[PDB]
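Peer 1: One structure is given below, represented as structure tokens, and several questions about it will come after.
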Amino acid sequence: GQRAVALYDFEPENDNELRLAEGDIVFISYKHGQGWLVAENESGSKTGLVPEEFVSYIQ
């Protein structure tokens, strides 16, 4: 997936959503819909939905 980093902490509230902490290394697999990306964690051991505005792509 495409290299990115988490901008803010993200508290899920749902089993479909992936918890983030500010500064986490992640990889974006695809866009699920308006406002939602499917992401994997640094090692690829976990995957889930995160807000589109809570990540930035690594240049």
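Residue numbers start at 1 in each chain; chains themselves are named A, B, ... in the order of the structure tokens; ligands are numbered from 1 in the order shown.
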Please provide as JSON, numbers by chain all residues within 6 Å of range 38-41 of chain A, with the sequence filter that same-chain residues fewer than 2 positions apart are discarded (counting only C-alpha atoms).

Peer 2: {"A": [26, 27, 28, 29, 30, 43, 44, 46, 47, 48, 49]}

Peer 1: Could you list, as a count of residues only, every residue within 8 Å of range 19-23 of chain A, counting only C-alpha atoms and ignoring same-chain residues fewer than 6 positions away?

Peer 2: 9
